[PDB]
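Report on one structure; see the data block that follows.
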Amino acid sequence: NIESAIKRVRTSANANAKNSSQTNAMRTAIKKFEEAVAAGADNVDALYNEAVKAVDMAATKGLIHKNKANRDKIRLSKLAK
Amino acid sequence: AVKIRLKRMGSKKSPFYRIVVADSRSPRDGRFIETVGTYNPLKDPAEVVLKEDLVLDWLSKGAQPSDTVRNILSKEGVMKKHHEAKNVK
Amino acid sequence: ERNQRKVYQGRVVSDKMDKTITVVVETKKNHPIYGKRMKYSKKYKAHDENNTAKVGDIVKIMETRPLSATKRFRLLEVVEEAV
RNA sequence: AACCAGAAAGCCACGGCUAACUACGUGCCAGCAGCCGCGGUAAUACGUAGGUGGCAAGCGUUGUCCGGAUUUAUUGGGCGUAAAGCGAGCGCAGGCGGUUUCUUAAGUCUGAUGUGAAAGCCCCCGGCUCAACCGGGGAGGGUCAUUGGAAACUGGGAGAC
RNA sequence: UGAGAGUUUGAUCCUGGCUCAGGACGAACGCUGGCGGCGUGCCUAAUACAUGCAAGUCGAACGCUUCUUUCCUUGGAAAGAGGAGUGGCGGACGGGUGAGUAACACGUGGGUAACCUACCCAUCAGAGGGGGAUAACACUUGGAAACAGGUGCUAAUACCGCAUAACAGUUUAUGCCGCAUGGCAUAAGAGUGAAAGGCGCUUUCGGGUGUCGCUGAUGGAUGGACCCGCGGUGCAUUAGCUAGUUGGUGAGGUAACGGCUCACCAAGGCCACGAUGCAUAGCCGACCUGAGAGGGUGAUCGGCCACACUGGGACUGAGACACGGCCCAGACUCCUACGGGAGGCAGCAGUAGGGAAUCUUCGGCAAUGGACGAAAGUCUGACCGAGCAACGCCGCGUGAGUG
């Protein structure tokens, strides 16, 4: 039965909550960049830099592990210019 | 966590030990990498034969010998030559 | 470099697909119990570069990496051309 | 170091195959049996008894797998009469192919390198008073991968009869 | 290194079937029964399980609280001991069972200019300075229970932001090289963290310092992943099968190539050398037998793979799509105040049933190996031993000289 592994369940629930929050923050950042470029209005560089820094923080603070971050910087640089 | 340790082959009451490097995930007499030397507990004084040439270049790769291995390698100057080769050099 | 791939030599069945041909290798094997020289064949699938391969022609191939849904080889050189 | 021959043997068969025979009773009833076949009054074949013969802290019965089985025969069978040549013919595909010169080297042979985990089988040695058992030291097992040679046969290319 | 006998006939010789002599068993049943050593013991229902134990640990990360003590005795330091909780690590190892599976599942030889890797070693560089919470706690709310809320306060190696770090990845150019795509070395063009921590020390303001930790990059080591040639089973009274199938273009996604998935285009692909279907079986090291070629088998023990009452799903984490973890559906057992909850011995012993048939609800971490911890230590049905059974193998007895 359940013996002392109930300590891990609470940890995993908290990790679920904050990982969901941070990854949705990253996704809304990249989504805002795509909607910004697809119309092609002014203020194009700042949200680009924001998306780069957001991918970097998502690689470092939480986890992707390294490599989707590299692929996203490549496919986001090609989308920029 | 590579690690050199003991492994026995005795019958019912009289064991006989071989020293063999195994990964720590493995069972006691499960798989291993290679057998380096053996250990006779009985017939005091203790009777040990070692290859003692793979061991230096196989500890320089980094593996942590267990405690009985530490005593029976201190009884041949193995760690002596190890830190005489690494720290002192 | 330590070793290249195991290159094979054969000939072509079809070439209808774009950049892709169909290669047959063929050799002999002894029987297990008895001993005559029976022969058999295998069909492989290489990848042509510009559809310049020929229907029924001697060519040789090389292992590459998994490039498509079950085709794996590449063209090296037409060894002998046939009319 | 003292006492005690003292508390310590059963199982199957005995007609041939296959080592070992005789009394009494049953009477083709009862029963026995791997196969042959035994019992209607005289049974070494049934029941007992005695002896014998084979094993032994084991002996028998049942069931399964391999041999004997050349009874799937490549080693290693055959087809007139015993099982066993289609009713006969034409041909795709496939198997097998006349003689010689040159060439290649896929088959074929050979050398070197790596690999066939450990324990099992085998050989030498060591240790439990021997054994069983354990331990140390060697070889074996691929139609294995790489590389270097050989050119009689088979195959591939060029001619010739 | 190869042993033949009976049995067709009034008698013979052939061809031909059937039976006997050999050995092995995870064997059982009958009769009989001394001991010692070494091994083996649910193959049948992957049938249902009562009971007891099989994974926890660090106070030298952090506060809180209880008890016992000389401590100024109404208070006091320090010490010892106990309890609950945030936090790190391990619960993916070690044990069990072959139900599925005719396939890169296994065995063997290869490959990655298509790949990842906590713990352990080596090297270089850092370790600047802020901020807000919250468990426990105290008080209260709703509940038969399982437990769910609310208000207020508190800490860290818990959390979050600012700064600093190209040595990572991309592009350009130069050079060198390769199995097309490409790889390697050098110089330039764009953006990322920390425990700022603990135990002590020589230590005069001072704050230099040892050790164990924290962070970025690169190597060694172990471990995981994917792809390929070759080989291991019956049925033709089972001959056609296939539409994301086959190829291309682009996009997405994956550690990682790829119809892995989408959108578009073209209709291809595999089969008599046996496709597809149907039936059975986990695969090897090995074991029995044989002169040998072979034939049969896969229990112990070693490796791999697959499964945890049945069927789906993901999260945490380096590492499961998780053997004593979570959620959902289903069958079955239990409790209830009827509103709703709890559960999974194919871990060790044992129970009931099936069967021709297979053990004790044993003792202990001394040895070896794990996990945590600086160390002492704690846990360890892994394991070490004891008990049961003529089950197998081996050894020695049931006196002997004379008679």
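Cβ atoms come from the backbone with ideal geometry, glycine included; neighbour counts cover every protein chain shown. Please treat every number below as a calculation from the coordinates, not as lab data.
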TODO: Would you mind finding the one in A:44, A:52 that is surrounded by 11 or more Cβ atoms within 10 Å (Cβ to Cβ), within 6 Å of RNA strand E (Cβ to nearest atom) and closer than 27 Å to residue A:81 by Cβ?
DONE: A:52
- [ ] Would you tally the residues in region B:1-48 being over 21 Å from residue B:75 (Cβ atoms), more than 9 Å from RNA strand D (Cβ to nearest atom) and among the hydroxyl-bearing types (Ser, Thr, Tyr)?
- [x] 2
- [ ] Go through (1) touching a strand residue (DSSP E or B) at 6+ places or on another chain (Cβ under 6 Å); (2) near RNA strand E (Cβ under 9 Å from one of its atoms); (3) of a type in the set (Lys, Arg) one by one and return the number of the condition residue B:18 breaks.
- [x] (2)
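Every residue, every condition in (1) within 8 Å of RNA strand E (Cβ to nearest atom); (2) more than 14 Å from chain A (Cβ to nearest Cβ); (3) exposed (fewer than 15 other Cβ atoms within 10 Å of the Cβ); (4) of a type in the set (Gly, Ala, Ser), yes or no:
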| residue | (1), (2), (3), (4) |
| --- | --- |
| C:8 | no, yes, no, no |
| C:29 | yes, yes, yes, no |
| C:36 | no, yes, yes, no |
| C:55 | no, yes, yes, no |
| C:61 | no, yes, no, no |
| C:69 | yes, yes, yes, yes |
| C:83 | no, yes, yes, no |
Open item on the list: Any residue that is at positive phi, surrounded by 11 or more Cβ atoms within 10 Å (Cβ to Cβ) and in contact with a strand residue (DSSP E or B) (Cβ under 7 Å, 6 or more places away or on another chain) - is there at least one of those in region B:32-42?
Closed with: yes
Task: Residue selected from region B:1-23 under the condition out of contact with any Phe, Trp or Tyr (no Cβ under 7 Å at 6 or more places or on another chain) and surrounded by fewer than 11 Cβ atoms within 10 Å (Cβ to Cβ), by the criterion nearest to residue B:70 (Cα to Cα) - done: B:1
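In this structure, does residue A:64 turn out to be outside any loop (DSSP other than H, G, I, E, B) and among the β-branched types (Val, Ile, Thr)? Don't jump to the end; show me each part of the working.
Details: outside any loop (DSSP other than H, G, I, E, B): no; among the β-branched types (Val, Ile, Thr): yes.
No.
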Open item on the list: Taking the condition of being without any contact (Cβ under 8 Å) to a residue 12 or more places away in the chain and not charged (D, E, K, R), how many residues in region A:25-35 meet it?
Closed with: 1
Open item on the list: Here is a list: C:20, C:27. Which entry is touching a strand residue (DSSP E or B) at 6+ places or on another chain (Cβ under 8 Å), among the hydroxyl-bearing types (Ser, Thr, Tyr) and not in a strand (DSSP E or B)?
Closed with: C:20
